[PDB]
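1. Sequence and experimental coordinates follow.
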Amino acid sequence: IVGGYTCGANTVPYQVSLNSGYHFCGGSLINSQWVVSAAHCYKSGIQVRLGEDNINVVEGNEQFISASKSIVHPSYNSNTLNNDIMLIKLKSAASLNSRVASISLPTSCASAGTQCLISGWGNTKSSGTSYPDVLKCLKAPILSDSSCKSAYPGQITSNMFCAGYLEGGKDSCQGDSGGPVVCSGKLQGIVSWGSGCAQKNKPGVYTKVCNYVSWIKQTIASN
Ligand SMILES: CC(C)(C)NC(=O)NC1CCN(C(=O)[C@H](Cc2cccc(C(=N)N)c2)NS(=O)(=O)c2cccc(-c3ccc(CO)c(F)c3)c2)CC1
Ligand SMILES: [Ca+2]
């Protein structure tokens, strides 16, 4: 997260870190057994880390749980990042508490101008590299689809939306992928991609979760 603020420990209790020896992507807890992340974060050997603030220090509220199965969206395209969503099942159910909590799925999509909370452990620099140990947060509005497509001609599908600031300076970044965009109490987005980070006229692009609620519900009921 570039241009954000330190969230405060466990203030985003649905945020998870995906770990394969090191943090490599975010995710969001959607019930005690299931996490939703970005398909481009897929790999084998995932450990889900819940209850985290400082990802380099054991602070006493963590749960570490191996994935038992991953399900990438059937229509995910790795060239274009269309349908950049996957589901991860936990080998054992998380113990839900004030620091380890699920986030509700949308029942409707959100509108341009609505303010959202975006979070993660990704790079904090728009030029260069600095990785934080504690969770970072950013408040940012959904942008109109026309401004999104104007920024990224030929690249935006109906399964994507832009959020952020066209002037630059405030954005998600490398290592935030897979993590949450929460608007009015609902998981509306997954951190997916952008051209650089926090650059002028290059806002963040997010998977449009509201298009996937039926697939999520049916997939988790059958697995
Ligand atoms: C290795 C594997 C095959 C799994 N792919 C993978 O890991 N991809 C991730 C995809 C997501 N990535 C990025 O977009 C990165 C960092 C980043 C991450 C999240 C949000 C933001 C932001 N600014 N909010 C920025 N930005 S980047 O360095 O410019 C870069 C490097 C390579 C590729 C594309 C890119 C751009 C556009 C499209 C779609 O048209 C695209 F498909 C890719 C951008 C990391 C890299
Ligand atoms: Ca920790």
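-> On my side now, so go ahead. Numbering: from 1, shown residues only. Ligands and ions are numbered 1, 2, ... in the order given.

2. Now the most centrally placed residue in the chain. Nearest residue, chain neighbours left out?
-> Taking Cα atoms, centre = their mean as the criterion, residue 179 is the residue nearest the geometric centre of the chain, at 1.7 Å. Closest residue to residue 179 apart from its sequence neighbours, by Cβ to Cβ, 6 or more residues apart in numbering: residue 26 at 2.6 Å. To be clear about C-beta, it is placed using only N, CA and C from the backbone, and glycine gets the same treatment.

3. Could you give the bridge partners of that neighbour?
-> For residue 26, the beta-bridge partners are residue 17 (DSSP bridges).

4. Equivalent analysis for residue 180, please.
-> Beta-bridge partners recorded for residue 180 (DSSP bridges): residue 190.

5. which phi and psi does residue 92 have?
-> Main-chain torsions, residue 92, degrees, to the nearest 10: phi -130, psi 150.

6. contacting residues around residue 77?
-> residue 83 (Cβ atoms under 8 Å, 6 or more residues apart in numbering).

7. got it, and residue 76?
-> Going by Cβ under 8 Å, 6+ apart, the list of residues near residue 76 reads 39, 82-86.

8. Just say helix, strand or coil for it.
-> Following DSSP: H, G, I helix; E, B strand; the rest coil, we place residue 76 in the coil state.

9. That one and residue 208, how far apart?
-> In this structure, residue 76 and residue 208 are 14 Å apart, going by Cβ to Cβ, to the nearest Å.

10. circling back to that earlier point, could you give the number of residues near the residue nearest to residue 179?
-> Neighbour count of residue 26, defined by other Cβ atoms under 10 Å: 28.

11. what sits against it?
-> By Cβ under 8 Å, 6+ apart, the contact list for residue 26 reads 15-18, 37, 119-122, 175-180, 191.

12. at 6 Å what do you get?
-> Residue 26 makes contact with 120, 176, 178-179, according to Cβ atoms under 6 Å, 6 or more residues apart in numbering.

13. Just the buried positions in stretch 197-207, please.
-> 197-199, 202-207 (16 or more other Cβ atoms under 10 Å).

14. of those residues, closest to ligand 2?
-> Nearest to ligand 2 among these, counting by Cβ to the ion, is residue 197 at 24.4 Å.

15. Quick check: closest non-adjacent residue to the closest one.
-> Excluding its sequence neighbours, the residue lying closest to residue 197 (Cβ to Cβ, 6+ apart) is residue 173, at 3.8 Å.

16. wait, the one you found sits on residue 122?
-> Yes. The criterion here is Cβ atoms under 6 Å, and residue 173 meets it with residue 122 at 4.5 Å.

17. residues near the residue of the chain found nearest ligand 1, how many?
-> Nearest residue of the chain to ligand 1: residue 194, at 2.3 Å (Cβ to the nearest ligand atom). Residues lying near residue 194 (other Cβ under 10 Å) number 23.

18. Across the sheet, point out what pairs with the nearest residue to residue 104 once chain neighbours are set aside.
-> With sequence-adjacent residues excluded and distances taken as Cβ to Cβ, 6+ apart, residue 104 is closest to residue 186, at 5.5 Å. Under the criterion DSSP bridges, residue 186 forms beta bridges with residue 104, residue 183.

19. how much space is there between residue 186 and residue 109?
-> 9 Å.
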